[PDB]
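Peer 1: Structure file run-v6.csv (CSV, N, CA and C atoms) is given on the next line.
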chain,number,residue,atom,x,y,z
V,7,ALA,N,21.4,75.3,104.6
V,7,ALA,CA,22.3,74.2,105.0
V,7,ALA,C,21.8,73.1,105.8
V,8,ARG,N,21.8,73.3,107.2
V,8,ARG,CA,21.4,72.2,108.1
V,8,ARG,C,19.9,72.2,108.4
V,9,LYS,N,19.2,71.0,108.4
V,9,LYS,CA,17.8,70.9,108.7
V,9,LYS,C,17.5,71.3,110.1
V,10,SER,N,18.5,71.0,111.0
V,10,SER,CA,18.4,71.4,112.5
V,10,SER,C,18.3,72.9,112.7
V,11,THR,N,18.9,73.7,111.8
V,11,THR,CA,19.0,75.2,112.0
V,11,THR,C,18.1,75.9,111.0
V,12,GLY,N,17.1,75.2,110.4
V,12,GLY,CA,16.2,75.8,109.4
V,12,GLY,C,16.9,76.4,108.2
V,13,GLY,N,18.1,75.9,107.9
V,13,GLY,CA,19.0,76.4,106.9
V,13,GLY,C,19.8,77.7,107.2
V,14,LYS,N,19.6,78.2,108.4
V,14,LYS,CA,20.3,79.4,108.9
V,14,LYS,C,21.7,79.1,109.2
V,15,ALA,N,22.6,80.1,109.1
V,15,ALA,CA,24.0,79.9,109.5
V,15,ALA,C,24.2,80.2,111.0
V,16,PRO,N,25.4,80.1,111.6
V,16,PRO,CA,25.5,79.9,113.0
V,16,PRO,C,24.4,79.3,113.8
J,42,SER,N,11.8,86.1,123.0
J,42,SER,CA,12.0,84.6,123.3
J,42,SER,C,10.8,83.8,122.9
J,43,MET,N,9.6,84.3,122.7
J,43,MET,CA,8.5,83.4,122.3
J,43,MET,C,8.3,83.6,120.8
J,44,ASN,N,7.7,82.6,120.1
J,44,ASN,CA,7.3,82.8,118.7
J,44,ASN,C,6.0,83.6,118.7
J,45,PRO,N,5.9,84.5,117.8
J,45,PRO,CA,4.6,85.0,117.5
J,45,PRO,C,3.6,84.0,116.9
J,46,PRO,N,2.2,84.3,117.0
J,46,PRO,CA,1.3,83.5,116.3
J,46,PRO,C,1.6,83.6,114.8
J,47,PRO,N,1.3,82.5,114.1
J,47,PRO,CA,1.6,82.5,112.6
J,47,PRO,C,0.6,83.4,111.9
J,48,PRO,N,0.9,83.8,110.6
J,48,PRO,CA,0.0,84.7,109.9
J,48,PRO,C,-1.3,84.0,109.8
J,49,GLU,N,-2.4,84.8,109.7
J,49,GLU,CA,-3.7,84.4,109.4
J,49,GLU,C,-3.7,83.7,108.1
J,50,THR,N,-4.5,82.6,108.0
J,50,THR,CA,-4.7,82.0,106.7
J,50,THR,C,-6.1,81.9,106.2
J,51,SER,N,-7.0,82.4,107.1
J,51,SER,CA,-8.5,82.3,107.0
J,51,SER,C,-9.2,83.4,107.6
J,52,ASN,N,-10.3,83.9,107.0
J,52,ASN,CA,-11.1,84.9,107.6
J,52,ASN,C,-12.5,84.9,106.9
J,53,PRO,N,-13.6,84.5,107.6
J,53,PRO,CA,-15.0,84.6,107.1
J,53,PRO,C,-15.6,85.9,106.8
J,54,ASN,N,-15.0,87.0,107.2
J,54,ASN,CA,-15.4,88.5,107.0
J,54,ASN,C,-14.7,89.2,105.8
J,55,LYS,N,-14.2,88.3,104.9
J,55,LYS,CA,-13.5,88.8,103.6
J,55,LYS,C,-14.1,88.1,102.5
J,56,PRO,N,-14.6,88.9,101.5
J,56,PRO,CA,-15.3,88.1,100.5
J,56,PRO,C,-14.4,87.2,99.6
J,57,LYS,N,-14.9,86.4,98.8
J,57,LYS,CA,-14.1,85.3,98.2
J,57,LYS,C,-14.4,85.1,96.7
J,58,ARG,N,-13.3,84.9,96.0
J,58,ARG,CA,-13.5,84.4,94.6
J,58,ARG,C,-12.3,83.6,94.1
J,59,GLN,N,-12.6,82.9,93.0
J,59,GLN,CA,-11.5,82.2,92.3
J,59,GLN,C,-11.3,82.9,91.0
J,60,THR,N,-10.1,83.0,90.6
J,60,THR,CA,-9.8,83.6,89.4
J,60,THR,C,-8.8,82.7,88.7
J,61,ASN,N,-8.7,82.8,87.4
J,61,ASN,CA,-7.7,82.1,86.6
J,61,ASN,C,-6.3,82.4,87.2
J,62,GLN,N,-6.0,83.7,87.5
J,62,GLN,CA,-4.7,84.0,88.0
J,62,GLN,C,-4.3,83.5,89.3
J,63,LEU,N,-5.3,83.5,90.3
J,63,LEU,CA,-5.1,82.8,91.5
J,63,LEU,C,-4.9,81.3,91.4
J,64,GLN,N,-5.6,80.6,90.4
J,64,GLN,CA,-5.5,79.2,90.2
J,64,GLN,C,-4.1,78.9,89.7
J,65,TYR,N,-3.5,79.8,88.9
J,65,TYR,CA,-2.2,79.7,88.4
J,65,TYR,C,-1.2,79.9,89.4
J,66,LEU,N,-1.4,80.9,90.3
J,66,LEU,CA,-0.5,81.1,91.5
J,66,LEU,C,-0.4,79.9,92.3
J,67,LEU,N,-1.5,79.1,92.5
J,67,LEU,CA,-1.5,77.9,93.3
J,67,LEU,C,-0.9,76.7,92.6
J,68,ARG,N,-1.4,76.4,91.4
J,68,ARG,CA,-1.1,75.1,90.7
J,68,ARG,C,0.1,75.2,89.8
J,69,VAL,N,0.6,76.4,89.5
J,69,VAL,CA,1.8,76.6,88.7
J,69,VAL,C,2.9,77.2,89.6
J,70,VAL,N,2.7,78.4,90.2
J,70,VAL,CA,3.8,79.1,90.8
J,70,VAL,C,4.2,78.5,92.1
J,71,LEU,N,3.2,78.3,93.1
J,71,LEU,CA,3.5,77.7,94.3
J,71,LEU,C,3.8,76.2,94.1
J,72,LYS,N,3.1,75.5,93.2
J,72,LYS,CA,3.5,74.2,93.0
J,72,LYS,C,5.0,74.1,92.6
J,73,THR,N,5.5,75.0,91.7
J,73,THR,CA,6.9,74.8,91.2
J,73,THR,C,7.9,75.0,92.4
J,74,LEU,N,7.5,76.0,93.2
J,74,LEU,CA,8.5,76.4,94.2
J,74,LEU,C,8.5,75.3,95.4
J,75,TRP,N,7.3,75.0,95.8
J,75,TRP,CA,7.1,74.0,96.9
J,75,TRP,C,7.8,72.7,96.6
J,76,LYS,N,7.9,72.3,95.3
J,76,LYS,CA,8.6,71.0,95.0
J,76,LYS,C,10.1,71.0,94.7
J,77,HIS,N,10.6,72.2,94.7
J,77,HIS,CA,12.0,72.4,94.4
J,77,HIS,C,12.8,71.9,95.6
J,78,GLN,N,14.0,71.5,95.3
J,78,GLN,CA,14.8,70.8,96.4
J,78,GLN,C,15.3,71.8,97.5
J,79,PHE,N,15.4,73.1,97.2
J,79,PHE,CA,15.6,74.2,98.2
J,79,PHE,C,14.3,74.8,98.8
J,80,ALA,N,13.2,74.2,98.7
J,80,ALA,CA,12.0,74.8,99.4
J,80,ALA,C,11.9,74.7,100.9
J,81,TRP,N,12.5,73.7,101.5
J,81,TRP,CA,12.3,73.3,102.9
J,81,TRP,C,12.5,74.4,104.0
J,82,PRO,N,13.5,75.3,103.8
J,82,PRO,CA,13.6,76.4,104.8
J,82,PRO,C,12.4,77.4,104.8
J,83,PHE,N,11.6,77.3,103.7
J,83,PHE,CA,10.6,78.3,103.5
J,83,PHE,C,9.2,77.6,103.5
J,84,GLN,N,9.1,76.3,103.8
J,84,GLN,CA,7.9,75.7,103.8
J,84,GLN,C,6.9,75.9,105.0
J,85,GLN,N,7.3,76.7,106.0
J,85,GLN,CA,6.6,76.9,107.3
J,85,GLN,C,7.1,78.1,108.0
J,86,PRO,N,6.3,78.8,108.8
J,86,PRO,CA,6.9,79.9,109.5
J,86,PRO,C,8.2,79.6,110.3
J,87,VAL,N,9.0,80.6,110.3
J,87,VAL,CA,10.2,80.4,111.1
J,87,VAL,C,10.0,80.1,112.6
J,88,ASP,N,10.5,79.0,113.1
J,88,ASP,CA,10.3,78.6,114.6
J,88,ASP,C,11.5,79.1,115.3
J,89,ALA,N,11.4,80.4,115.8
J,89,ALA,CA,12.6,81.0,116.5
J,89,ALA,C,13.1,80.3,117.7
J,90,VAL,N,12.1,79.7,118.5
J,90,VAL,CA,12.5,79.0,119.7
J,90,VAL,C,13.3,77.8,119.3
J,91,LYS,N,12.7,76.9,118.5
J,91,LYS,CA,13.2,75.6,118.1
J,91,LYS,C,14.5,75.8,117.4
J,92,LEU,N,14.6,76.8,116.5
J,92,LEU,CA,15.8,77.1,115.8
J,92,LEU,C,16.8,77.9,116.6
J,93,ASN,N,16.5,78.3,117.8
J,93,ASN,CA,17.3,79.3,118.7
J,93,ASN,C,17.8,80.5,117.9
J,94,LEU,N,16.8,81.1,117.2
J,94,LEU,CA,17.0,82.5,116.6
J,94,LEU,C,16.4,83.6,117.4
J,95,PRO,N,17.1,84.1,118.5
J,95,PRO,CA,16.3,85.0,119.4
J,95,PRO,C,16.0,86.3,118.8
J,96,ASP,N,16.8,86.7,117.8
J,96,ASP,CA,16.8,88.1,117.2
J,96,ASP,C,15.7,88.1,116.0
J,97,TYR,N,15.2,86.9,115.6
J,97,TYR,CA,14.5,86.8,114.3
J,97,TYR,C,13.3,87.7,114.3
J,98,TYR,N,12.4,87.6,115.3
J,98,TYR,CA,11.2,88.5,115.4
J,98,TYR,C,11.4,89.8,116.0
J,99,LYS,N,12.6,90.2,116.5
J,99,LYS,CA,13.0,91.6,116.7
J,99,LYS,C,13.3,92.3,115.3
J,100,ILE,N,13.8,91.5,114.3
J,100,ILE,CA,14.3,92.0,113.1
J,100,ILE,C,13.1,91.9,112.0
J,101,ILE,N,12.5,90.7,112.0
J,101,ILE,CA,11.4,90.5,111.0
J,101,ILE,C,10.0,90.7,111.7
J,102,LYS,N,9.4,91.8,111.3
J,102,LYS,CA,8.0,92.2,111.7
J,102,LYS,C,6.9,91.8,110.8
J,103,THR,N,7.2,91.4,109.6
J,103,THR,CA,6.2,91.0,108.6
J,103,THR,C,6.5,89.5,108.1
J,104,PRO,N,6.3,88.5,108.9
J,104,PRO,CA,6.9,87.2,108.5
J,104,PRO,C,6.0,86.6,107.6
J,105,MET,N,6.6,85.7,106.7
J,105,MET,CA,5.8,85.1,105.6
J,105,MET,C,6.6,83.9,105.1
J,106,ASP,N,5.8,82.9,104.7
J,106,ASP,CA,6.4,81.7,104.3
J,106,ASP,C,5.5,81.0,103.3
J,107,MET,N,6.0,80.0,102.7
J,107,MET,CA,5.2,79.3,101.6
J,107,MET,C,4.0,78.4,102.1
J,108,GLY,N,4.2,77.8,103.4
J,108,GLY,CA,3.1,77.2,104.2
J,108,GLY,C,1.8,78.1,104.4
J,109,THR,N,2.1,79.3,104.8
J,109,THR,CA,1.0,80.3,104.9
J,109,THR,C,0.4,80.7,103.5
J,110,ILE,N,1.3,80.9,102.5
J,110,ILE,CA,0.8,81.2,101.1
J,110,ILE,C,-0.1,80.1,100.5
J,111,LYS,N,0.4,78.8,100.7
J,111,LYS,CA,-0.3,77.7,100.2
J,111,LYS,C,-1.8,77.7,100.8
J,112,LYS,N,-1.7,77.7,102.2
J,112,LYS,CA,-2.9,77.8,102.9
J,112,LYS,C,-3.8,79.0,102.5
J,113,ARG,N,-3.3,80.2,102.5
J,113,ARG,CA,-4.1,81.3,101.9
J,113,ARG,C,-4.7,81.0,100.6
J,114,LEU,N,-4.0,80.6,99.6
J,114,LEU,CA,-4.6,80.2,98.3
J,114,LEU,C,-5.6,79.1,98.4
J,115,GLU,N,-5.4,78.1,99.2
J,115,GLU,CA,-6.4,77.0,99.4
J,115,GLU,C,-7.7,77.4,100.1
J,116,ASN,N,-7.6,78.5,100.9
J,116,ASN,CA,-8.6,79.0,101.7
J,116,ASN,C,-9.3,80.2,101.0
J,117,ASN,N,-9.0,80.4,99.7
J,117,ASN,CA,-9.5,81.6,99.0
J,117,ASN,C,-9.3,82.9,99.8
J,118,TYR,N,-8.2,83.1,100.4
J,118,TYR,CA,-7.9,84.2,101.2
J,118,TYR,C,-7.6,85.5,100.4
J,119,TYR,N,-7.1,85.3,99.2
J,119,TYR,CA,-6.7,86.4,98.4
J,119,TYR,C,-7.9,86.7,97.4
J,120,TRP,N,-8.2,88.0,97.2
J,120,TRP,CA,-9.0,88.5,96.2
J,120,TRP,C,-8.3,88.7,94.9
J,121,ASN,N,-7.1,89.5,95.0
J,121,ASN,CA,-6.3,89.9,93.9
J,121,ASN,C,-5.0,89.0,93.8
J,122,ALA,N,-4.6,88.6,92.6
J,122,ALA,CA,-3.2,88.1,92.5
J,122,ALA,C,-2.1,88.8,93.1
J,123,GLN,N,-2.0,90.1,93.0
J,123,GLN,CA,-0.9,90.9,93.6
J,123,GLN,C,-0.8,90.8,95.1
J,124,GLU,N,-1.9,90.5,95.8
J,124,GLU,CA,-1.8,90.2,97.2
J,124,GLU,C,-0.9,89.0,97.5
J,125,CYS,N,-1.0,88.0,96.6
J,125,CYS,CA,-0.3,86.8,96.8
J,125,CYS,C,1.1,86.9,96.4
J,126,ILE,N,1.3,87.7,95.3
J,126,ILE,CA,2.6,88.0,94.8
J,126,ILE,C,3.5,88.8,95.8
J,127,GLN,N,2.8,89.7,96.5
J,127,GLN,CA,3.3,90.5,97.6
J,127,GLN,C,3.8,89.6,98.8
J,128,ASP,N,3.0,88.6,99.2
J,128,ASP,CA,3.5,87.7,100.1
J,128,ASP,C,4.7,86.9,99.7
J,129,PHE,N,4.8,86.4,98.5
J,129,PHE,CA,6.1,85.9,98.0
J,129,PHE,C,7.2,86.9,98.1
J,130,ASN,N,7.0,88.1,97.6
J,130,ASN,CA,8.1,89.1,97.7
J,130,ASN,C,8.5,89.3,99.2
J,131,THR,N,7.6,89.4,100.1
J,131,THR,CA,7.9,89.6,101.5
J,131,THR,C,8.7,88.4,102.0
J,132,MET,N,8.4,87.2,101.6
J,132,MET,CA,9.2,86.0,102.1
J,132,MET,C,10.6,86.1,101.6
J,133,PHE,N,10.8,86.4,100.3
J,133,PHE,CA,12.2,86.5,99.8
J,133,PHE,C,12.9,87.7,100.5
J,134,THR,N,12.3,88.9,100.6
J,134,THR,CA,13.0,90.1,101.3
J,134,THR,C,13.4,89.8,102.7
J,135,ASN,N,12.5,89.1,103.5
J,135,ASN,CA,12.9,88.8,104.9
J,135,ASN,C,14.1,88.0,105.0
J,136,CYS,N,14.2,87.0,104.0
J,136,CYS,CA,15.4,86.2,103.9
J,136,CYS,C,16.7,87.0,103.7
J,137,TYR,N,16.6,87.9,102.8
J,137,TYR,CA,17.7,88.8,102.6
J,137,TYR,C,18.0,89.8,103.7
J,138,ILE,N,17.0,90.2,104.5
J,138,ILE,CA,17.2,91.0,105.5
J,138,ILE,C,17.9,90.3,106.7
J,139,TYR,N,17.5,89.1,107.1
J,139,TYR,CA,17.9,88.5,108.3
J,139,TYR,C,19.3,87.8,108.1
J,140,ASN,N,19.4,87.2,107.0
J,140,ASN,CA,20.6,86.4,106.7
J,140,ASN,C,21.7,87.1,106.1
J,141,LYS,N,23.0,86.7,106.3
J,141,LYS,CA,24.1,87.3,105.7
J,141,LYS,C,24.2,87.0,104.2
J,142,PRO,N,24.7,88.0,103.4
J,142,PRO,CA,24.9,87.9,102.0
J,142,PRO,C,25.5,86.6,101.6
J,143,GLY,N,26.6,86.2,102.3
J,143,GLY,CA,27.2,84.9,102.0
J,143,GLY,C,26.6,83.6,102.4
J,144,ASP,N,25.5,83.6,103.1
J,144,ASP,CA,24.9,82.4,103.6
J,144,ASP,C,24.2,81.5,102.6
J,145,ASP,N,24.3,80.2,102.8
J,145,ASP,CA,23.7,79.3,101.7
J,145,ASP,C,22.2,79.6,101.6
J,146,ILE,N,21.5,79.9,102.6
J,146,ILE,CA,20.1,80.2,102.6
J,146,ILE,C,19.7,81.3,101.6
J,147,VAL,N,20.6,82.3,101.5
J,147,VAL,CA,20.4,83.4,100.6
J,147,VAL,C,20.5,83.0,99.1
J,148,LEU,N,21.4,82.1,98.9
J,148,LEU,CA,21.5,81.5,97.5
J,148,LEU,C,20.4,80.6,97.2
J,149,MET,N,19.9,79.9,98.2
J,149,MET,CA,18.6,79.1,98.0
J,149,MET,C,17.4,80.0,97.7
J,150,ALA,N,17.3,81.0,98.5
J,150,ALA,CA,16.2,82.0,98.3
J,150,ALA,C,16.3,82.7,96.9
J,151,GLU,N,17.6,82.9,96.4
J,151,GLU,CA,17.6,83.7,95.1
J,151,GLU,C,17.3,82.7,94.0
J,152,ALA,N,17.7,81.5,94.1
J,152,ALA,CA,17.4,80.4,93.2
J,152,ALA,C,15.8,80.3,93.1
J,153,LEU,N,15.1,80.2,94.2
J,153,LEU,CA,13.7,80.2,94.2
J,153,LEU,C,13.0,81.4,93.6
J,154,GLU,N,13.5,82.6,94.0
J,154,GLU,CA,13.1,83.9,93.4
J,154,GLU,C,13.2,83.9,91.9
J,155,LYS,N,14.3,83.6,91.4
J,155,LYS,CA,14.4,83.5,89.9
J,155,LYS,C,13.3,82.7,89.2
J,156,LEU,N,13.1,81.5,89.8
J,156,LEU,CA,12.0,80.7,89.3
J,156,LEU,C,10.7,81.3,89.5
J,157,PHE,N,10.5,82.0,90.6
J,157,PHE,CA,9.3,82.7,90.8
J,157,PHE,C,9.0,83.7,89.8
J,158,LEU,N,10.0,84.5,89.5
J,158,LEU,CA,9.8,85.6,88.5
J,158,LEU,C,9.5,85.1,87.2
J,159,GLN,N,10.1,83.9,86.8
J,159,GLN,CA,10.1,83.3,85.4
J,159,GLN,C,8.6,82.9,85.3
J,160,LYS,N,8.0,82.3,86.4
J,160,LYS,CA,6.6,81.9,86.4
J,160,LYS,C,5.6,83.0,86.3
J,161,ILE,N,5.9,84.1,87.1
J,161,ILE,CA,5.0,85.3,87.1
J,161,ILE,C,5.0,86.0,85.7
J,162,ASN,N,6.0,85.8,84.9
J,162,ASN,CA,6.0,86.4,83.6
J,162,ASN,C,5.0,85.7,82.7
J,163,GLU,N,4.6,84.5,83.0
J,163,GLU,CA,3.6,83.8,82.2
J,163,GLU,C,2.2,83.7,82.9
J,164,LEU,N,1.9,84.6,83.8
J,164,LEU,CA,0.6,84.7,84.4
J,164,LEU,C,-0.5,84.9,83.3
J,165,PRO,N,-1.6,84.2,83.4
J,165,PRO,CA,-2.8,84.3,82.4
J,165,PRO,C,-3.5,85.6,82.4
Take the structure in the file and write it out as structure tokens.
Peer 2:
Amino acid sequence: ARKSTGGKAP
Amino acid sequence: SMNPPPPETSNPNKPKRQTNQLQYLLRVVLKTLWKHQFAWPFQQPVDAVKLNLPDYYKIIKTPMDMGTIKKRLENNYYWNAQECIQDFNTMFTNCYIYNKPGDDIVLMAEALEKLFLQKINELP
């Protein structure tokens, strides 16, 4: 998902 | 809390060769995955600090990513194709281990894996 979270959730 | 060192991609004490199948792992299999629009989570070792994943390296003891694999192939680090294939398998398993079944990253990972398998079926 998000670039900021490496595509990881929460 | 700290990241571990990344996997080795080079070693002068390991003998070297180029094979048709390793060329294919680089320029067909890795090339296809690397350019896919879902590659980006997998293109580099997981940065636990920067990503604030403090449990990642408690849970994942055998980390692997496509950054490392590409490097390994470029560095003639593998002697046998299955060594490389094993690294891909490890990358995909880790994803399934750490992430929840419903997470979008798991669906990215399975999409890449299907492509991977389809390519391995045509190895020379």
Peer 1: Quick one: residues within 6.5 Å of segment 139-145 of chain J, only N, CA and C atoms counted, chain neighbours fewer than 5 positions away excluded, as a VMD selection string?
Peer 2: (chain V and resid 7 13 15) or (chain J and resid 134 150)
Peer 1: Can you tell me how far atom CA of residue 96 of chain J sits from atom CA of residue 42 of chain J, in Å to one decimal?
Peer 2: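 Result for atom CA of residue 96 of chain J versus atom CA of residue 42 of chain J: 8.5 Å, one decimal.
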Peer 1: Can you tell me which residues surround residue 11 of chain V at a distance of at most 10 Å, considering only C-alpha atoms, apart from same-chain residues fewer than 3 positions away, and format the answer as a PyMOL selection string?
Peer 2: (chain V and resi 7-8+14-16) or (chain J and resi 82+88-89+91-94)
Peer 1: Suppose you want the space between atom CA of residue 106 of chain J and atom CA of residue 85 of chain J; what is it in Å?
Peer 2: 5.7 Å
Peer 1: Quick one: of J:55, J:70, J:87, J:152, who's nearest to chain V, counting only N, CA and C atoms?
Peer 2: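 Looking at the shortest contact to chain V, the residue is J:87.
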Peer 1: As an exercise, work out the distance from atom C of residue 157 of chain J to atom CA of residue 120 of chain J in Å and give it to one decimal place.
Peer 2: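 We find that atom C of residue 157 of chain J and atom CA of residue 120 of chain J lie 19.7 Å from each other.
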Peer 1: Among segment 63-159 of chain J, which residues carry a DSSP assignment of helix (DSSP H, G or I), reported as an NGL selection string?
Peer 2: :J and (63-75 or 81-83 or 97-100 or 107-115 or 122-139 or 145-159)
Peer 1: With only C-alpha atoms as the atoms that count, which of J:69, J:63, J:126, J:136 lies nearest to residue 12 of chain V?
Peer 2: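 Distance minimum relative to residue 12 of chain V lands on J:136.
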Peer 1: Which polymer residues, whether protein, DNA or RNA, lie within 9 Å of the coordinate (-4.1, 86.3, 85.8) when you count only C-alpha atoms? List them as a ChimeraX atom specification, using the chain letters and numbers from the file.
Peer 2: /J:60-66,122,163-165
